[PDB]
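So this first bit is one chain, no partners, the form deposited in one PDB entry, shown in structure tokens.
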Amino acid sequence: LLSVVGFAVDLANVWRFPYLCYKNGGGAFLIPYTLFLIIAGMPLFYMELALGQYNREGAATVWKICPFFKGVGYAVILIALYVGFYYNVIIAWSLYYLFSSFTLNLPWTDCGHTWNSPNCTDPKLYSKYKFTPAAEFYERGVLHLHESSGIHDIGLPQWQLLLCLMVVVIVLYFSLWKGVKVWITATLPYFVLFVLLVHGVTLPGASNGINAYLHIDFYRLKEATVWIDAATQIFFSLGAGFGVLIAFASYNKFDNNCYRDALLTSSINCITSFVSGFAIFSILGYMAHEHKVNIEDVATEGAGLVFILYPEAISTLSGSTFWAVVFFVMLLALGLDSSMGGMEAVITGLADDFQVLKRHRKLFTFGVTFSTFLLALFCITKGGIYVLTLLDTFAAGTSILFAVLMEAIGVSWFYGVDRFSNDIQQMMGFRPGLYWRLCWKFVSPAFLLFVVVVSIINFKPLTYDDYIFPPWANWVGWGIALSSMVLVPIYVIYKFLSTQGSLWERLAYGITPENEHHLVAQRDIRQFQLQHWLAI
């Protein structure tokens, strides 16, 4: 139970799920989330865990089972880097909020400070939500967003955010430069969410919030963005698609039970997400009651909802300083562990691939943490929330859905879901079952392909709150998405143009596992027969 709750909650469930829910309503986002967690989330979580635990390799080198698909591991490592770029910036925000939380008069309470606009209006004394003292502290006091007109005109990095990001990358380096990889980081998210839930239900005007949460709008389900949001958040919360699961299972015992691991992680994720949305909407209803505004336009739908929503919940608690310090220490440590997991996925994959990097661990981890620092300097600029939004919507998006779709395809169709079931039976001692095989070979790939094509053809232009990104920003975002999606066909063409022989024996050498290339020469290969593909 401790092992599954330690990683069942991460920075995703606590930071990204609130604004993805609020942006898409109440249960209107919890319906696709649960359907994808049961249909595609849990099966592919269990598939990645079993793959890593059996093959004993990272994300990139696990594809010695089907060599044409190593581009998928390269893609997930690139996605992990891209996501760490702004995870470190979220941790910088957590550090700045924790540092600001060490006073009796919390800064996000009144409008009497130096960062406040002349239009800062607090209820204690039909407006907009950017004129509340909490949103004024987030935008004008932390981000300094008021000094940039858009993603074209981003300023220089923010000094305080620069120091916070330096501290983050330094602690990450000193946490990863020897460690091949705890009670508080695993128990405190749930305790904080429990306190949040109970104090939210006791708040005035939060019943309107929980009703707006429990009201499921099906016209939102008839459109396509809620499903893309739910799929991407499923793969963020569970960690499938960043190479973290395969890298972490590479170190698990051979007899370890990935079935029970996946089951507990997925069930705890579903319950945690439901109660997380419940508490988030309790606070949002309280804010709509306090600010005399509608619930649908009471806060931002960007990445900074938590840093506006949770400070306002804290300011209502008794002993606001203690609870602010506790919540932001929790957020700091949680996102810190998440970013450590991502960077360790990157390092483990690229070190299992190239041994010159496995022998040189300190230099490689310095190069990894120092590349994620220079490219996170863009997200701590004055217009860095626009770059962070671009990355958040494009780094892991259609890209991660495509990567996980190709993982499913390469494990189920080309390697064999029957071979995978035999390997799983060899690890644990029991066959997966019919539901798991039908989801691995047919249900999850079909749902993921549908979500990918719908994510491409139902693309809405990128926006911040009321800021329409220029078209070139959308082109740059699609370049960010394609930079990892093209690794799969590029590597297929590279592996085909680097193997001697005729067409069919090149194909055979590229779809046969590396350890039994002996049988390729004697022409006894499974995938060239029909009984391999008709196995359901």
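For every residue, the number given is its place in the sequence shown, counted from 1.
Unmodelled stretch separating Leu125 from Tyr126: 10 or more residues (count of deposited-sequence residues without coordinates). The segment from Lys181 to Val182 is interrupted, since 4 to 9 residues of the deposited sequence in that interval carry no coordinates.
As for the form deposited with a small molecule bound, it is not shown, yet the points below apply to it.
For the options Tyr87, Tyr286, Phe328, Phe307, the residue carrying a heavy atom within 4.5 angstroms of the small molecule in the deposited complex is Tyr87.
Shown without its partner, this chain lists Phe281, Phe402, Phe137, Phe236 as candidates; in the deposited complex, only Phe236 has a non-hydrogen atom within 4.5 angstroms of the small molecule. Using a 4.5 angstroms limit between non-hydrogen atoms, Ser338 touches the small molecule in the deposited complex. The small molecule in the deposited complex comes within 4.5 Å of no heavy atom belonging to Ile246.
Using a 4.5 angstroms threshold between heavy atoms, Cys439 stays clear of the small molecule in the deposited complex. Among residues of the shown chain, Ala299 is not one whose heavy atoms approach the small molecule to within 4.5 Å in the deposited complex. Annotated contacts: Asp10, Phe242 and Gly342 all touch the small molecule in the deposited complex [non-hydrogen atom within 4.5 angstroms]. Residues of just one listed stretch (312 to 320, 151 to 159, 198 to 206, 76 to 84) have heavy atoms within 4.5 Å of the small molecule in the deposited complex: 76 to 84.
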